[PDB]
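Peer 1: What follows is a single structure, and I will ask about it in a moment.
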Amino acid sequence: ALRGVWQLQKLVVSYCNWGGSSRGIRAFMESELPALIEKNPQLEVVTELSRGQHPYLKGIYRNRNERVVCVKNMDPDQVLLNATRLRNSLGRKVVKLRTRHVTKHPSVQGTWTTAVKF
Amino acid sequence: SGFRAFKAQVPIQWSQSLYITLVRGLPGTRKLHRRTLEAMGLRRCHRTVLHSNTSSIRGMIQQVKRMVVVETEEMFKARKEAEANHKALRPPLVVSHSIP
Amino acid sequence: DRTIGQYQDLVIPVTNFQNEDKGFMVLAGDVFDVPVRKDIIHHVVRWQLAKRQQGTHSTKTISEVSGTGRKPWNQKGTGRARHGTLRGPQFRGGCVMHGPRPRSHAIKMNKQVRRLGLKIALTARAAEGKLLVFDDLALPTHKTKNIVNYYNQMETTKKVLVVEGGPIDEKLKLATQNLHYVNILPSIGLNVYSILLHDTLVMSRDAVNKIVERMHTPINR
Amino acid sequence: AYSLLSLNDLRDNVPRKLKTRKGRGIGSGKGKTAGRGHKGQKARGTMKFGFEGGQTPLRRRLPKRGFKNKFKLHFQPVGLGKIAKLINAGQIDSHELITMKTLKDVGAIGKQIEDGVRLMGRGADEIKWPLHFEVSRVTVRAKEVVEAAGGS
Amino acid sequence: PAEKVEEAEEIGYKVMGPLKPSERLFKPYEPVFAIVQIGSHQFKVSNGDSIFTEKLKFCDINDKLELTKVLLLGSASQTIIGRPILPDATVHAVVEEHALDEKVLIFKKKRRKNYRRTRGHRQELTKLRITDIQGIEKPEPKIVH
Amino acid sequence: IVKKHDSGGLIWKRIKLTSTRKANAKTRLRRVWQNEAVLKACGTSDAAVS
Amino acid sequence: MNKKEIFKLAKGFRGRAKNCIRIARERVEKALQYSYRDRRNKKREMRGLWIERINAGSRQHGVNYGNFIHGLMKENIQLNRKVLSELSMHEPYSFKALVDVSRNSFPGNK
RNA sequence: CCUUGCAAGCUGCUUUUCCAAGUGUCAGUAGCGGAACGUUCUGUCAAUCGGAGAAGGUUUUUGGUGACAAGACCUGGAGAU
RNA sequence: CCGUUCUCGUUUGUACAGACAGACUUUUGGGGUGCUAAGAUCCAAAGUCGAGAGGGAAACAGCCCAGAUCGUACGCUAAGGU
RNA sequence: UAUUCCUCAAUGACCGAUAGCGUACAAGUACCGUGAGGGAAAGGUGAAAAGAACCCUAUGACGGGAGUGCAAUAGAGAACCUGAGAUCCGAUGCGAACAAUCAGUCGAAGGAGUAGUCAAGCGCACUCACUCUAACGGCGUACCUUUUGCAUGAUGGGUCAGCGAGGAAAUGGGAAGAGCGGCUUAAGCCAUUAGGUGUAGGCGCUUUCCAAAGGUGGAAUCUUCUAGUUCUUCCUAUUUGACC
Ligand SMILES: [K+]
Ligand SMILES: [K+]
Ligand SMILES: [K+]
Ligand SMILES: [K+]
Ligand SMILES: [K+]
Ligand SMILES: [K+]
Ligand SMILES: [K+]
Ligand SMILES: [K+]
Ligand SMILES: [K+]
Ligand SMILES: [Mg+2]
Ligand SMILES: [Mg+2]
Ligand SMILES: [Mg+2]
Ligand SMILES: [Mg+2]
Ligand SMILES: [Mg+2]
Ligand SMILES: [Mg+2]
Ligand SMILES: [Mg+2]
Ligand SMILES: [Mg+2]
Ligand SMILES: [Mg+2]
Ligand SMILES: [Mg+2]
Ligand SMILES: [Mg+2]
Ligand SMILES: [Mg+2]
Ligand SMILES: [Mg+2]
Ligand SMILES: [Mg+2]
Ligand SMILES: [Mg+2]
Ligand SMILES: [Mg+2]
Ligand SMILES: [Mg+2]
Ligand SMILES: [Mg+2]
Ligand SMILES: [Mg+2]
Ligand SMILES: [Mg+2]
Ligand SMILES: [Mg+2]
Ligand SMILES: [Mg+2]
Ligand SMILES: [Mg+2]
Ligand SMILES: [Mg+2]
Ligand SMILES: [Mg+2]
Ligand SMILES: [Mg+2]
Ligand SMILES: [Mg+2]
Ligand SMILES: [Mg+2]
Ligand SMILES: [Mg+2]
Ligand SMILES: [Mg+2]
Ligand SMILES: [Mg+2]
Ligand SMILES: [Mg+2]
Ligand SMILES: [Mg+2]
Ligand SMILES: [Mg+2]
Ligand SMILES: [Mg+2]
Ligand SMILES: [Mg+2]
Ligand SMILES: [Mg+2]
Ligand SMILES: [Mg+2]
Ligand SMILES: [Mg+2]
Ligand SMILES: [Mg+2]
Ligand SMILES: [Mg+2]
Ligand SMILES: [Mg+2]
Ligand SMILES: [Mg+2]
Ligand SMILES: [Mg+2]
Ligand SMILES: [Mg+2]
Ligand SMILES: [Mg+2]
Ligand SMILES: [Mg+2]
Ligand SMILES: [Mg+2]
Ligand SMILES: [Mg+2]
Ligand SMILES: [Mg+2]
Ligand SMILES: [Mg+2]
Ligand SMILES: [Mg+2]
Ligand SMILES: [Mg+2]
């Protein structure tokens with residue numbers, strides 16, 4: 001959430017009702033999905049069926065970003081953990097953090113210059 | 001220096017207990033000394049063990065006395081108490097510079 | 001319901017191909033109520049498929065690959081790597097080192113373990129409700145429409161395995177040889193893999209009696 | 001999975017231990033000289049098991065002894081304790097003659113008799129009846145114990 | 001509950017509750033700064049800044065925080081030096097995001113000795129947004145026509 | 001330590017005895033002196049109650 | 001390691017060390033070893049930079065770094081070197097106040 | 001990973017899990033032991049996906065400790081598990 | 001005989017090994033041979049490399065300090081230095 | 001009972017164009033040798049040739065249009081499905097003729113190209129926005145093998161693509177898992193959309209010393225304890241070419 005505005009908007013859950021790799025994400029829907037939906041009112045949760053494919057969680061953000069996590073052969077706890085990671089993120093690109101303190105006014109009393117008198 | 005924090009603030013007298021701290025490294029030493037330290041219970045550098053004051057422990061400490069710092073109960077208590085009292089909180093200072 | 005594995009006798013209704021009521025039969029408890037273990041089934045299935053495998057694969061060694069045994073050049077002086085033939089294992093067109101030769105892939109098993117696996121498979125098919133017992137497997141004609149209509153009449157089924165006590169009746173043999181989902185077997189050919197291939201098992205009284213008697217006759221040694 | 005036996009969920013009691021394929025990369029732990037060390041004869045694989053280095057071996061420095069008797073007789077030993085236990089079990093009739101066929105049929109004698117039955121004295125404190133035996137050999141204690149009860 | 005409260009106070013934050021949409025906490029820039037310690041790291045921040053700290057285990061998104069370890073206060077006129085902290089000074093923050101960073105590759109290799117290993121690592125971080133600095137005399141709202 | 005500074009082709013340079021090294025050696029001596037004083041003062045008898 | 005994963009890390013390499021797998025595998029591993037070593041060397045480099053800026057700021061008013069930092073230790077002021085250097089660069093009057101406080105605490109010899 | 005508690009089942013009433021604490025441990029050649037990824041083929045499979053575009057190839061994004069996996073665009077034109 | 005270590009690192013059955021080419025440094029103040037020579041050579045007692053990265057000795061297998069599970073633009077020290 | 005110069009039918013957890021026979025294609029050919037003898041390479045347009053009439057520029061269309069066709073880089077004359085890499089020639093942006101070195105890594109002034117968010121007044125500041133380049137600073141003597149020890153002026157490699165070396169049977173020594181309680185069959189026999197039978201044999205019970213004759217009381221006292229064998233997987237040994 002950037003300055004109070006929640007950035008994750010849509011959470012797509014794509015699964016398959018026949019294949020064996022979707023057992024974890026299937027059991028995640030009966031167990032942990034209603035709690036996540038109830039505790040997340042501002043978020044829209046979409047459910048898709050794609051028979052014969054591997055399951056995934058897709059997050060669609062406000063800055064026009066999609067992040068896909070394939071959850072094949074996983075446990076419901078791992079699927080819930082990756083859903084929480086999708087919710088907690090701003091959707092920015094995964095690159096190295098250049099700075100750990102972002103500021104636009106580096107000084108209040110003025111940066112030291114050569115013509116500074118005390 | 002590093003011995004500055006270990007220099008005694010209390011007179012050295014007879015004591016019931018001893019605190020032994022390892023302040024020198026292991027490699028480059030005799031395996032006899034390493035096994036004596038292992039039997040004292042010291043395995044890593046900057047570790048402390050507590051023992052009672054008998055000759056069986058005094059012989060070990062006299063063997064490896066150049067690698068450890070040995071303190072009595074009063075010296076250990078004074079060191080810890082002085083460290084906490086130095087890290088205790090004080091009222092703040094307010095300085096007004098102005099007029100640049 | 002019941003719990004499966006207490007060696008209790010089971011009672012089953014009897015029918016035929018015309019959906020008529022022909023009584024009941026008590027099934028033996030030590031054949032149709034054993035505990036269900038999956039590792040014995042896995043071992044019996046592995047033994048069956050390994051016995052089935054044909055194993056006619058063959059590659060050539062350097063004694064068989066066409067080529068001379070002369071040294072390709074001198075040992076020293078040429079400036080190239082030293083070789084003994086031009087049919088080495090790293091050569092293009094050479095031999096195959098540690099390649100396959102024709103052999104058998106069969107392994108062994110104990111007779112009593114195979115019997116235990118057969119009992120487990122029959123127990124699971126009786127406990128699932130997928131066992132149907134017939135009074136007889138007699139048919140009016142050899143035409144396949146009879147079997148097709150009966151299979152369409154049946155409920156919750158994809159494939160059916162039919163077991164006859166003795167040799168197969170010729171009408172039953174001819175009626176079912178064009179259907180890939182209805183397959184027949186004698187009692188002497190009953191086995192775990194073909195039981196597991198079809199989700200519904202149809203036996204007759206003579207097949208049930210011969211299987212139970214075979215289980216109750218101990219192995220002569 | 002209610003008593004379901006499908007070909008999609010069969011597995012054994014423990015996971016299958018696979019082959020140690022030597023000669024693959026660094027991370028397998030068994031690559032580049034497999035498990036053979038560096039050079040020598042045991043890395044080229046031309047060493048015979050049991051060779052001793054040129055020293056005269058223990059199998060040639062020790063003397064031979066004795067001869068082989070090709071007419072040696074082997075008798076199967078039965079103790080009195082087993083026979084008494086099978087008497088009390090009601091499998092051997094105590095009032096008829098105890099031949100070797102009786103012992104072979106009850107199972108006190110193993111699969112292969114060779115030259116006969118020797119009667120032993122183990123468990124001699126369980127004999128309380130006059131029993132009649134017909135064996136190949138009998139030991140002193142067994143004969144004394146039987147005839148002290150009144151058998152032969 | 002009280003365990004998490006006391007341990008978060010040892011780390012250096014206090015949870016004050018979620019953020020309501022009626023609240024307008026993001027006022028413009030004012031020329032004061034405060035130095036706050038969260039764990040081992042110390043930051044010199046003003047209002048409107050952002051920091052990336054280590055993973056704080058007892059806070060969620062859009063939680064209002066109060067940073068209880070303030071080491072120095074400063075403005076254009078005077079400086080308040082805490083020895084070691086200021087009990088009166090208060091800095092308000094809002095939690096924004098818990099996120100993993102980019103994967104770094106740990107590669108070890110010893111030459112001619114037949115040994116190499118590779119392994120990745122992703123470290124989690126918590127982003128905070130600084131909203132308010134209290135304790136030192138702020139300038140007035142100066143509409144200087 | 002190595003004391004071969006006049007022979008061979010392998011150069012083992014001679015370590016100087018500078019004031020910084022003397023300052024370190026005195027601190028090491030002071031630590032061992034305090035250890036000896038502690039052991040001497042506590043070696044009058046054995047602490048009772050095993 | 002994959003071939004394509006090495007060809008991704010050899011992106012931007014001069015010469016044939018970005019095309020050929022034999023040449024690119026040697027240069028990528030050296031780059032990974034340098035990265036692993038420089039993750040430890042960056043900390044020493046940055047701390048030395050902080051000491052240089054704090055000393056340059058402090059000597060303007062005539063107080064050495066060695067006296068200044070021990071004066072702040074004696075007065076139980078626990079600002080670390082990174083924050084002190086940022087104060088020296090961007091807040092000169094607060095840094096001058098800290099220098100005066102440290103001079104009153106520990107003047108040292110000379 | 002180990003150790004010690006705490007709580008469950010077991011049958012073993014003592015061997016397996018979950019949780020918390022650990023100023024407990026974790027350089028490594030020859031060598032030994034444990035656990036996994038991927039390739040071709042086979043059973044599940046006359047079942048599932050495919051002109052709503054298969055295999056294969058070039059970019060790019062996302063996940064895992066790793067071998068690797070997966071989303072999307074472009075090419076390709078019938079197979080894949 | 002008694003303390004400390006709470007670790008089995010002890011003994012022993014079974015199964016699988018590798019290695020049997022070592023180097024330097026501790027006053028030539030443990031010694032033999034050599035010329036009280038060798039970065040020679042052969043033994044006794046320690047340490048390091050071998051199989052060990054990091055800081056000092058300009059550069060440096062073997063010397064001094066000290067043992068790398070991973071991350072951080074946090075702090076305190078050793079050998080050695082200002 | 002043994003073998004296949006031969007014939008007919010069927011099968012494959014056999015191979016799929018550097019594989020499978022030396023030969024998928026007119027191969028014991030071409031080619032090498034006096035001779036015996038050695039011995040290759042080379043598969044694919046499209047559903048159907050409908051295989052490009054006609055125009056322009058060159059000596060000449062294989063080019064640029066037009067047309068056929070779903071598709072024309074699907075346009076070939078023993079070769080045109082897909083079309084990777086080494087390699088060659090261009091275009092756009094940035095660096096580059098006063099500064100040296102396994103050519104990178106950690107920071108980084110500047111230059112260049114391009115996005116989105118929405119409250120407030122339709123601007124502007126927010127996303128450390130994102131992508132490419134990198135003046136300048138710190139640090140940094142490749143990899144493998146063999147060695148007491150290699151930047152080594154010790155070995156090996158011009159680069160790319162494909163191929164390339166712990167594997168099979170039988171018998172032994174063990175570990176983990178399972179069946180039965182004495183355990184288990186071998187050749188064979190009856191059937192195979194497939195299993196069932198077969199006691200000859202082997203091990204144990206079992207008896208311990210001994211060259212051979214000869215000889216042979218386990219424990220417990222308190223409702224008694226008293227034996228193993230056969231498969232599966234994996235590590236090793238022997239015989240075979242035995243990791244190459
Ligand atoms: K020849
Ligand atoms: K060929
Ligand atoms: K080959
Ligand atoms: K000289
Ligand atoms: K095409
Ligand atoms: K550079
Ligand atoms: K040479
Ligand atoms: K075996
Ligand atoms: K057993
Ligand atoms: Mg030949
Ligand atoms: Mg010849
Ligand atoms: Mg050869
Ligand atoms: Mg071939
Ligand atoms: Mg190894
Ligand atoms: Mg290699
Ligand atoms: Mg080995
Ligand atoms: Mg060897
Ligand atoms: Mg070699
Ligand atoms: Mg050698
Ligand atoms: Mg020299
Ligand atoms: Mg030197
Ligand atoms: Mg002086
Ligand atoms: Mg010092
Ligand atoms: Mg290790
Ligand atoms: Mg594709
Ligand atoms: Mg597959
Ligand atoms: Mg030798
Ligand atoms: Mg030797
Ligand atoms: Mg020696
Ligand atoms: Mg000496
Ligand atoms: Mg000497
Ligand atoms: Mg010498
Ligand atoms: Mg020498
Ligand atoms: Mg030695
Ligand atoms: Mg070592
Ligand atoms: Mg070193
Ligand atoms: Mg060094
Ligand atoms: Mg250096
Ligand atoms: Mg360590
Ligand atoms: Mg210091
Ligand atoms: Mg060919
Ligand atoms: Mg091809
Ligand atoms: Mg070709
Ligand atoms: Mg000719
Ligand atoms: Mg034409
Ligand atoms: Mg086609
Ligand atoms: Mg290219
Ligand atoms: Mg250009
Ligand atoms: Mg220039
Ligand atoms: Mg140059
Ligand atoms: Mg960088
Ligand atoms: Mg830039
Ligand atoms: Mg720009
Ligand atoms: Mg340099
Ligand atoms: Mg040499
Ligand atoms: Mg070596
Ligand atoms: Mg070197
Ligand atoms: Mg060279
Ligand atoms: Mg050179
Ligand atoms: Mg050589
Ligand atoms: Mg060369
Ligand atoms: Mg290659």
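Peer 1: Out of all the residues in the range B:56-100, which are in a strand (DSSP E or B), within 14 Å of chain E (Cβ to nearest Cβ) and not polar (S, T, N, Q)?
Peer 2: Result: B:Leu93, B:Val94, B:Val95.
Peer 1: From the list D:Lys48, D:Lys85, D:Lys68, exactly one residue is charged (D, E, K, R), in contact (Cβ under 8 Å) with a residue 24 or more places away in the chain and on the phi < 0 side of the Ramachandran plot. Which is it?
Peer 2: Answer to the selection: D:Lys85.
Peer 1: If you don't mind, another one. Run down D:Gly54, D:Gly31 and say which single residue is within 16 Å of ligand 15 (Cβ to nearest atom) and either within 30 Å of C:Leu122 (Cβ to Cβ) or free of Cβ contacts under 8 Å to residues at least 24 places away in the same chain (or both).
Peer 2: Just a single option satisfies the conditions, and that option is D:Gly31.
Peer 1: Follow-up. Return yes when D:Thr33 is among the polar types (S, T, N, Q), away from chain C (no Cβ under 14 Å) and loosely packed, with under 10 Cβ neighbours inside 10 Å and no when it is not.
Peer 2: So D:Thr33 fails the test.
Peer 1: Taking C:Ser58 as meeting all but one of (1) within 16 Å of ligand 13 (Cβ to nearest atom); (2) over 32 Å from the mean Cα position of the chain (by Cα); (3) of a type in the set (S, T, N, Q), write down the number of the exception.
Peer 2: Looking at each condition in turn, C:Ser58 falls short on (2).
Peer 1: Follow-up question, since we're still on this one. Filter the range E:61-75 down to residues that are touching a residue at least 60 places away in the same chain (Cβ under 8 Å) and within 12 Å of chain B (Cβ to nearest Cβ) and give me whichever is farthest from G:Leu72 (Cα to Cα).
Peer 2: Checked the range E:61-75; the qualifying residue farthest from G:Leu72 (Cα to Cα) is E:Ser75.
Peer 1: Which of (1) more than 7 Å from chain A (Cβ to nearest Cβ); (2) assigned to a loop (DSSP other than H, G, I, E, B) does E:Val15 not meet, given it meets every other one?
Peer 2: Evaluating E:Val15 over (1) more than 7 Å from chain A (Cβ to nearest Cβ); (2) assigned to a loop (DSSP other than H, G, I, E, B) leaves (2) as the failure.
Peer 1: Going through the range B:12-53 one residue at a time, which ones are without any contact (Cβ under 8 Å) to a residue 24 or more places away in the chain and on the phi > 0 side of the Ramachandran plot?
Peer 2: Result: B:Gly28, B:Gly41.
Peer 1: Do we find a residue being farther than 21 Å from B:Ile61 by Cα and part of a loop (DSSP other than H, G, I, E, B) anywhere in the range F:20-36?
Peer 2: The answer is no; no qualifying residue exists.
Peer 1: Also, I was wondering about something else. I'd like the residue in the range A:82-103 that is more than 9 Å from chain E (Cβ to nearest Cβ) and in contact with a strand residue (DSSP E or B) (Cβ under 8 Å, 6 or more places away or on another chain) and, out of all such residues, is surrounded by the fewest Cβ atoms within 10 Å (Cβ to Cβ).
Peer 2: A:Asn82
Peer 1: I've got another one for you. List every residue pair whose Cβ atoms sit under 8 Å apart, with the two residues 6 or more apart in sequence or on different chains, where the first one lies in the range C:100-113 and is assigned to a helix (DSSP H, G or I) and the second, anywhere, is not basic (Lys, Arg).
Peer 2: Matching pairs, first to second residue: C:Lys111/C:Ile219; C:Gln112/C:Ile219; C:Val113/C:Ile40; C:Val113/C:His43; C:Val113/C:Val44.
Peer 1: Within the range E:82-91, can one find any residue that is in contact with a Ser or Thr (Cβ under 7 Å, 6 or more places away or on another chain) and crowded, with 21+ Cβ neighbours inside 10 Å? Break it down into steps so the answer makes sense when it comes.
Peer 2: Residues of the range E:82-91 that are in contact with a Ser or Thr (Cβ under 7 Å, 6 or more places away or on another chain), as a first pass: none.
No - not one qualifying residue is present in the range E:82-91.
Peer 1: Is there a residue being assigned to a loop (DSSP other than H, G, I, E, B) and more than 9 Å from every other protein chain (Cβ to nearest Cβ) anywhere in the range E:114-125?
Peer 2: Yes.
Peer 1: In addition: Please find, among E:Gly48, E:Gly74, the residue that is surrounded by 14 or more Cβ atoms within 10 Å (Cβ to Cβ), in a loop (DSSP other than H, G, I, E, B) and out of contact with any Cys (no Cβ under 9 Å at 6 or more places or on another chain).
Peer 2: Working: E:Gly74 fails: in a loop (DSSP other than H, G, I, E, B).
Checking each option against the conditions leaves just E:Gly48.
Peer 1: Could I ask something else about it? Output the helices (runs of 4 or more DSSP H) that fall wholly within the range D:9-109 and possess 1 or more residues being over 31 Å from the mean Cα position of the chain (by Cα), or say none.
Peer 2: Working: elements: D:58-61, D:80-88, D:100-106.
Correct list: D:58-61.
Peer 1: Determine whether F:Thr44 is more than 16 Å from ligand 3 (Cβ to nearest atom), surrounded by 10 or more Cβ atoms within 10 Å (Cβ to Cβ) and within 7 Å of chain B (Cβ to nearest Cβ).
Peer 2: Considered against the rule, which asks whether it is more than 16 Å from ligand 3 (Cβ to nearest atom), surrounded by 10 or more Cβ atoms within 10 Å (Cβ to Cβ) and within 7 Å of chain B (Cβ to nearest Cβ), F:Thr44 comes out as no.
Peer 1: Checking A:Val102 against (1) under 13 Å from the mean Cα position of the chain (by Cα); (2) of a type in the set (A, V, I, L, M); (3) under 30 Å from G:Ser85 (Cα atoms): exactly one of these is not met. Which one?
Peer 2: Against the list (1) under 13 Å from the mean Cα position of the chain (by Cα); (2) of a type in the set (A, V, I, L, M); (3) under 30 Å from G:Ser85 (Cα atoms), A:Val102 comes up short only on (1).
Peer 1: Moving on. Determine whether the range F:13-33 contains at least one residue that is without any contact (Cβ under 8 Å) to a residue 60 or more places away in the chain, more than 30 Å from B:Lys7 (Cα to Cα) and either facing chain B (nearest Cβ under 8 Å) or over 18 Å from the mean Cα position of the chain (by Cα) (or both). Quick ask: steps written out before the conclusion?
Peer 2: Restricting attention to the range F:13-33, the residues satisfying the condition of being without any contact (Cβ under 8 Å) to a residue 60 or more places away in the chain are F:13-33.
Then keep just the ones that are more than 30 Å from B:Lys7 (Cα to Cα); that gives F:13-14.
Right, trim to either facing chain B (nearest Cβ under 8 Å) or over 18 Å from the mean Cα position of the chain (by Cα) (or both) and you get F:13-14.
The answer is yes, given that some residue of the range F:13-33 is without any contact (Cβ under 8 Å) to a residue 60 or more places away in the chain, more than 30 Å from B:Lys7 (Cα to Cα) and either facing chain B (nearest Cβ under 8 Å) or over 18 Å from the mean Cα position of the chain (by Cα) (or both).
Peer 1: For the range D:51-65, which positions are at positive phi and within 16 Å of ligand 17 (Cβ to nearest atom)?
Peer 2: D:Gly53, the sole residue that qualifies.
Read the figures in this text as sums done on the coordinates, not as results from a lab. Please note: Cβ atoms are built from the backbone with ideal geometry, for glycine as well, and neighbour counts cover all protein chains shown.
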